[PDB]
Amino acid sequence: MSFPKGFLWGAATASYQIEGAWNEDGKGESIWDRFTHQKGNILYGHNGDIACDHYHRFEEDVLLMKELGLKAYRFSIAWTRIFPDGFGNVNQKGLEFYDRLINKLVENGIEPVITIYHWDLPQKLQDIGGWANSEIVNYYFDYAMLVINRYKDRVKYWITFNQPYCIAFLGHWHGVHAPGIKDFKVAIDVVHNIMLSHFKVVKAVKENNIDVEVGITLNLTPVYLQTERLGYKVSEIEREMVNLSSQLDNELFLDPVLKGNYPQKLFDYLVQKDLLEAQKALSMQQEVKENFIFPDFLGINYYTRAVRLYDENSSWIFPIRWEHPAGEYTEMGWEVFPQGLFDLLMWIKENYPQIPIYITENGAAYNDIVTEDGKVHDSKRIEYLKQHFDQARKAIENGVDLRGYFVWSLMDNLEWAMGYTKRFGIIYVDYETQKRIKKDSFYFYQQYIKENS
C-alpha cells in the first residue's frame, strides 16, 4: 500500500522557536519576548533572542530542505515583524524577509505551508487584553488577510492557528505559556475568540474568491481507559467523566471547526461546576453557529496518548487522574504510542465529515550528542518516525484522506518553556556556533521520502 501521488512529505517550524533577531528591523515585542525575558518562566533562563538565527541563515536552511527532498515546508509568520504594534503601521522589512523566504522555497520546488498564528502575539495587543478581548478578532483578521493577499500567488496552504488548546489553556489557565495568565474563564473566552478569528478568515477567503486552501491545526490526544487496560468492568460514571475530560482536549476544538457547535456535554458540566457562565455558554453556541464555515483541511499535531481513570477527589476540573503505561518514553516524558496515530485518524474519519487531513506535526525529543566524527546517531528518533510513518500508511489503507506528513522539527529549536533542553530536529543545531549537523534521522527521512513519492 503506497502513499498517494503528491503526498506532502514535509518538516515544520515556528517563528519564535527558530528565527532569533527578536528586536531587529523594527520588529515589535511579542508576548514570548516578554515571557522569556521574565525570570522563572523558562528552564535555564533560555530565551528566543537568537534561537537558530534563521532570520539571517534561512538561505542555507532552505538548501538543507532541498537536499532533504522535502515536498513542503511548514513555518509560521511572526505577526510582530509585520505589525510591530499589532495593527496600524506595516513594517516593510518584515514583509521583505518572508518575501525572500517564500521566493527561495518556490525556487527550490518546495510547497510553502504557512501558519498565520503560532503563539507570538504582539505585546501591544496583549496590553489591551490580547485574545481575551473580542477586538482581537478584527486585528487578527486584518493581519491574516494582509499576508494571504500578499502571498496567495506562491502559497496554496494556510493554517489560521496552531494548537488553540495551548494558546488558551497553557497561556491563560496554567500560565506556563505566554502571556502567563491563570484563569480558566479567560481561557474559554480565548478559545471562542480563536474560533471566531478562524471562521472570519475562512469566510473572507471564500467570499473574495481567493484560490487557496485554509485550515487549522489542532493537537489531538487520543484518550484510553486504565480500567480497560486492567480488564476491569467500566462503570457508567467513569466512562462519562473520562469522556468529558477528553472533550476538553479534542472535541472542544474539533466540534466547532468541523460541525459548527461546541460539545454540549462538556458545556453542561462546565456550567454546572461554575467553570463557565451559563450566559457565555449560550452566546458561544449561538455565535459559532452563526459564523461556522467548514474548512478546506484539518491539520493534526500528534505526539502521544493519555491513559486516564476516574478519581472522585482529583484536583483536576474533572474527577480523573492520569496513569503511566509501561513502554518507551521520550525526553518530554511522552509515551511512544504509534498505534494512537492510527486510532485517532480512524476516529476522525468515523465521527466527522469527510475532509483532507495533514499531519502538520509529529516527532520526538531525544538527548542527542555529537560524536567525535561529527555525527548524531539518533536511532531512537528514527525508530519513532518509522513506526508513525507506518501507522500513517495503515490509516491511508483504511480510507483516511491523509495528504501530508510534516516532521517536527526540521531543526532543534527553542521548545518554549523547556528552553533548548529538548531537541526535536532531524538537524542538530550547535547553539554556540549556529552550525547545522544532519542527524542520522535526516538521511533516514531523505531515503524514506525518495521511496514513497
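For every residue, the number given is its place in the sequence shown, counted from 1.
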Stretch with the higher entry mean CA B-factor, where the candidates are 348-356 and 269-277
269-277
Could you check the entry and say whether 32-40 or 407-415 has the higher mean CA B-factor?
32-40
Among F161, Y224, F297, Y73, which residue carries the highest C-alpha B-factor recorded in the PDB entry?
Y224
Out of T330, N219, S197, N362, which shows the largest CA B-factor listed in the entry?
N219
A168's Cα B-factor: lowest, middle or highest third of the chain?
lowest
Where does the C-alpha B-factor of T80 rank in its chain, lowest, middle or highest third?
middle
Third assignment of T304 from its chain's C-alpha B-factors
middle
Would you mind ranking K156 by its C-alpha B-factor against the rest of the chain and naming the third, lowest, middle or highest?
middle
Which third of the chain does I437 land in by C-alpha B-factor: lowest, middle or highest?
highest
